[PDB]
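First comes the structure, then the notes that go with it.
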Amino acid sequence: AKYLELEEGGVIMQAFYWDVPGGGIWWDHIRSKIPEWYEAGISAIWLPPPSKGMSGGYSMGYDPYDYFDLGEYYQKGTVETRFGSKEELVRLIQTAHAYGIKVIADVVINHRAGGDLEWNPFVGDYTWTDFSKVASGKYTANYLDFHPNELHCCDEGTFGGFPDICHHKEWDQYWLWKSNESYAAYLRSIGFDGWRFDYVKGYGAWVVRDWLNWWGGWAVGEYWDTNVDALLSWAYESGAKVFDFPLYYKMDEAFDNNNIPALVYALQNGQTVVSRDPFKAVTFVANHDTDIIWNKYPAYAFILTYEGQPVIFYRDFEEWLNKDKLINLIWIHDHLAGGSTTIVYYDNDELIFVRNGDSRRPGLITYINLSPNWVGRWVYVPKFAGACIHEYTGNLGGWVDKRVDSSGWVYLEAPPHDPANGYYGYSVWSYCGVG
Ligand SMILES: OC[C@H]1O[C@H](O)[C@H](O)[C@@H](O)[C@@H]1O
Ligand SMILES: [Ca+2]
Ligand SMILES: [Zn+2]
Ligand SMILES: [Zn+2]
Ligand SMILES: [Zn+2]
Ligand SMILES: [Zn+2]
Ligand SMILES: [Zn+2]
């Protein structure tokens, strides 16, 4: 990648959103963006589930039917998936790799959908568990491969009424990751580097752990919950990272309601994954399932200058927000955002913190303002004592430099938070001359 690599905590782009334009144009559409995203500093792209789903052309991939059909067989009323054909996906991955950008596969293995009606001896009724007709002829299945069966009735969880996969069966283990004919093998064979595990609360952490033991690669599990202990327990057991839903909700509490203290408190008392283990936290401002944060500018300013590994939501970058502001924060994240964090000021609508720097990144000062007016504060930042600091976003309307006296005191300023009028509510500072 241009700046930091995925394995180095680089920024990730969720290259989709709920119900992207159909017609099989998504893979090509994303492929055309690779050169721009490379220049923007994106280190990896997370793609939606690539397999043929029950709802065919309308499927978002979360109702997988034939895992081994990436848009190559006429099935469920279509050859290509909603996103495109197999080759288009392969070409996308090849283009990403040509630019050193990694690709993350969205693995949906808790459930399956689109099976034929079949008598189920354990349910005592008919179930849509007959998957013997999948066009790929790979990973066929019947009621024995789902809950309930002769092993047990249920596992950690189900999703709606979709046939719930029993990973304890060797047949299913073989087809999903335990062989060179597995779904993991197939995804890896076409270029996928990492994994994003869907609804991990629906099955055991051991599944992800064994998958990773066999294939390695960067990984994150989607464990939708606010209980940090539960998320970190799953993370340490599975060996994968977890999306920081706890931080997501706390950022919303603070940034969308002039309640910064709510976020400070959460960060101080372990109510976020990132404040407990920044090496396990995958941070985000929004995703395809939930998007409650309205004031996204200070939110992105925060996850891109604070600790953890940030993800940028496709729609914010390509449709709703000022792309240049995001490109700027990615540059800042990879060049300045390093080291431990020290909060130096806060009130209901303002948050100022310092990143103390690491071996490659000098550190920075983030000044978030949720108020509708220009603000300025005298702050004690000994980290930058006796230095020339520069504002790196340009949100002050121009090129601005300041001298932090030998003591550590400096008068910092932040623009109004009125994005509707081009005032984004944040300024970011660091040593002059970095980039
Ligand atoms: O400026 C705008 C956008 O912000 C968010 O991302 C909302 O979810 C979206 O509905 C809105 O259009
Ligand atoms: Ca399950
Ligand atoms: Zn096509
Ligand atoms: Zn089971
Ligand atoms: Zn909100
Ligand atoms: Zn673009
Ligand atoms: Zn204030």
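Final position of the sequence shown in the entry's author numbering is 435; the numbers increase by one with none missing.
Here a beta-carbon is modelled for each residue, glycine too, at the ideal position from N, C-alpha and C.
What residue range does the beta strand (DSSP E) around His335 cover?
Taking the first residue of the sequence shown as position 1, residue 335 is located at position 335. Looking at the DSSP string, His335 is not in any beta strand (DSSP E); the run it does join, the alpha helix (DSSP H), is 323 to 335.
Got a sec: does ligand 3 put a non-hydrogen atom nearer than 8 Å to the Cβ of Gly84?
Locating residue 84 in the sequence shown gives position 84, where the first residue counts as 1. At least one heavy atom of ligand 3 is nearer than 8 Å to the Cβ of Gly84, so yes.
Grouping DSSP H, G and I as helix and E and B as strand, with all else coil, what is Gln268?
Along the sequence shown, one-based indexing puts residue 268 at 268. In the structure shown, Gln268 sits in a helix (DSSP, three-state: H, G or I).
Can you tell me the Cβ-Cβ gap for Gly194 and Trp177, rounded? I've got them flagged as a contact below 8 Å.
If you number the sequence shown from 1, residue 194 lands on position 194. If you number the sequence shown from 1, residue 177 lands on position 177. About 14 Å separates the two Cβ atoms, so there is no contact after all.
In the stretch 275 to 304, which residue ranges form an unbroken beta strand (DSSP E) of at least 3 residues, counting only runs that do not cross its ends?
Counting only runs of 3 or more, we get 281 to 284.
Counting only the same chain and skipping the five closest in sequence on each side, list residues whose C-beta sits under 7 Å from that of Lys383.
Here residue 383 is taken as the residue at index 383 of the sequence shown, counted from 1. The residues are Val354, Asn356, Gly363.
According to the Cβ coordinates, are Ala105 and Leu47 closer than 9 Å?
What you label residue 105 is simply residue 105 of the sequence shown in a count that begins at 1. What you label residue 47 is simply residue 47 of the sequence shown in a count that begins at 1. Yes, the pair counts as a contact, with Cβ atoms nearer than the cut-off.
When the Cα of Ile109 is compared with those of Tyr300, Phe284, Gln309, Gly157, which residue comes out closest?
As a working mapping, residue 109 is identified with position 109 in the sequence shown. The option with the nearest alpha carbon to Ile109 is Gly157.
With DSSP run on the structure shown, which of helix, strand or coil describes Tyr99?
To locate residue 99, count along the sequence shown from 1; it is residue 99. Note: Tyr99 maps to coil in three-state DSSP.
Could you tell me whether any non-hydrogen atom of ligand 7 is closer than 8 Å to the CB of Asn369?
Taking the first residue of the sequence shown as position 1, residue 369 is located at position 369. Under cutoff, so the answer is yes.
If you run the structure through DSSP and keep just helix, strand and coil, what is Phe243?
Indexing the sequence shown from 1 puts residue 243 at position 243. In the structure shown, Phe243 sits in a strand (DSSP, three-state: E or B).
What does the alpha-carbon distance come out to for the pair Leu321 and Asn149?
Position 321 of the sequence shown, counting from 1, holds the residue named residue 321. Position 149 of the sequence shown, counting from 1, holds the residue named residue 149. The alpha-carbon atoms of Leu321 and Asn149 are separated by roughly 49 Å.
Between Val434 and ligand 7, is there a pair consisting of the residue's CB and a ligand heavy atom that are separated by less than 8 Å?
As a position in the sequence shown, residue 434 is number 434, starting the count at 1. Not under cutoff, so the answer is no.
Hey, how far is the Cα of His390 from the Cα of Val400?
For the purposes of this step, residue 390 is taken as the residue at position 390 of the sequence shown. For the purposes of this step, residue 400 is taken as the residue at position 400 of the sequence shown. C-alpha separation (whole angstroms): 6 Å.
Out of curiosity, what's the CA-to-CA distance linking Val282 and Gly124?
Mapped onto the sequence shown, residue 282 falls at position 282. Mapped onto the sequence shown, residue 124 falls at position 124. Straight-line Cα distance between these residues: approximately 43 Å.
For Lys86 and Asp66, which I take to be in contact (beta-carbon distance under 8 Å), what is that distance rounded to the nearest angstrom?
Mapped onto the sequence shown, residue 86 falls at position 86. Mapped onto the sequence shown, residue 66 falls at position 66. 12 Å between Cβ atoms; not a contact.
Looking at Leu326 and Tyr300, is the spacing between their C-beta atoms short of 9 Å?
Numbered from its first residue, the sequence shown carries residue 300 at position 300. Numbered from its first residue, the sequence shown carries residue 326 at position 326. Yes, these two residues count as a Cβ contact at 9 Å.
With a threshold of 8 Å, establish whether the CB of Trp37 neighbours any heavy atom of ligand 6.
To locate residue 37, count along the sequence shown from 1; it is residue 37. True, at least one ligand heavy atom lies under 8 Å from that Cβ.
Taking 9 Å as the threshold (C-beta atoms), are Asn257 and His417 in contact?
Along the sequence shown, read from residue 1 onward, the residue named residue 417 stands at position 417. Along the sequence shown, read from residue 1 onward, the residue named residue 257 stands at position 257. Contact flag unset, no.
Provide the residue span of the alpha helix (DSSP H) that contains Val404, from first to last.
In the sequence shown, residue 404 corresponds to position 404, counting from 1. That residue, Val404, is in no alpha helix (DSSP H); its beta strand (DSSP E) goes 401 to 404.
Grab the span of the alpha helix (DSSP H) containing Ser430 for me, first residue to last.
If you number the sequence shown from 1, residue 430 lands on position 430. Segment 426 to 431 is the beta strand (DSSP E) holding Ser430; no alpha helix (DSSP H) there.
Determine, using beta-carbon pairs with one atom in the stretch 114 to 131 and one in the stretch 210 to 230, whether at least three such pairs fall under 8 Å.
With a cut-off of 8 Å, the stretch 210 to 230 and the stretch 114 to 131 do not count as touching, because too few Cβ pairs lie within range.
Taking the alpha carbon of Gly216 as the point to measure from, which residue in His29, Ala240, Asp229, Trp206 has its own alpha carbon closest?
Stepping through the sequence shown from its first residue, residue 216 is reached at position 216. Among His29, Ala240, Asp229, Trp206, the Cα nearest to that of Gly216 is on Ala240.
Would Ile312 pass as a contact of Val11 if the rule is Cβ separation under 9 Å?
To locate residue 312, count along the sequence shown from 1; it is residue 312. To locate residue 11, count along the sequence shown from 1; it is residue 11. Against a cut-off of 9 Å, the Cβ pair of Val11 and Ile312 comes out as a contact.
When burial is assigned at 16 or more other CB atoms within 10 Å of the CB, is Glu319 buried or exposed?
Counting from 1 along the sequence shown, the entry for residue 319 is found at position 319. It is exposed - the Cβ of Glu319 has fewer than 16 other Cβ atoms within 10 Å.
If you drop the 5 nearest sequence neighbours on each side, which residues of the same chain put their C-beta closer than 8 Å to that of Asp198?
Along the sequence shown, read from residue 1 onward, the residue named residue 198 stands at position 198. Counting only Cβ-Cβ distances below 8 Å, and skipping sequence neighbours, we find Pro49, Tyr62, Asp106, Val107, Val108, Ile109, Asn110, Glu222.
Distance check for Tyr183 and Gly84, CA to CA, integer angstroms please.
Here residue 84 corresponds to residue number 84 of the sequence shown, with the count starting at 1. Here residue 183 corresponds to residue number 183 of the sequence shown, with the count starting at 1. So the two alpha carbons sit approximately 19 Å from each other.
Closest to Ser238 by C-alpha separation, out of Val273, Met251, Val200, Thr272, would be which residue?
As a position in the sequence shown, residue 238 is number 238, starting the count at 1. If we check each option's Cα against that of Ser238, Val200 comes out closest.
Within 10 angstroms of the Cβ of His152, are there 16 or more other Cβ atoms? Answer buried if so, exposed if not.
Taking the first residue of the sequence shown as 1, we reach residue 152 at position 152. Classification of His152: exposed, given that the 10 Å Cβ count is below 16.
Examine ligand 5 and report whether any of its heavy atoms sits within less than 8 Å of the Cβ of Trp320.
One-based indexing of the sequence shown puts residue 320 at position 320. For ligand 5, not one heavy atom lies less than 8 Å from the Cβ of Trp320.
In terms of residue numbering, what span does the beta strand (DSSP E) encompassing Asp66 cover?
As a working note, residue 66 is residue 66 in the sequence shown. Taken as a continuous stretch (DSSP letters only), the beta strand (DSSP E) holding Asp66 covers 64 to 66.
Within the structure, which residues are defined as neighbours of ligand 4 by a Cβ-heavy atom distance below 5 Å, reported in chain order?
Listed by chain position, these are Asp155, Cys166, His168.
Write down the C-beta distance between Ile332 and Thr290 rounded to the nearest angstrom, noting that I regard them as a contact closer than 8 Å.
Reading the sequence shown from its first residue, position 332 is the one you call residue 332. Reading the sequence shown from its first residue, position 290 is the one you call residue 290. That belief does not hold up - the Cβ atoms of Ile332 and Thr290 are roughly 26 Å apart, past 8 Å.
Please list, in chain order, all residues of the same chain as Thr140 whose beta carbon is under 7 Å from its beta carbon, the five residues on each side excluded.
Residue mapping note: residue 140 aligns to position 140 of the sequence shown, counting from 1. Excluding positions up to five away in sequence, the list reads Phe131, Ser132, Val134.
Mind pulling the beta strand (DSSP E) runs of 3 or more residues that sit fully within the stretch 339 to 399?
List check, beta strand (DSSP E) in window: 341 to 346, 350 to 355, 364 to 369, 375 to 380, 387 to 391.
Given the structure, does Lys325 come close to ligand 1, in the sense that its CB is under 8 Å from one of the ligand's heavy atoms?
Locating residue 325 in the sequence shown gives position 325, counting from the first residue. No - ligand 1 has no heavy atom lying nearer than 8 Å to the Cβ of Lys325.
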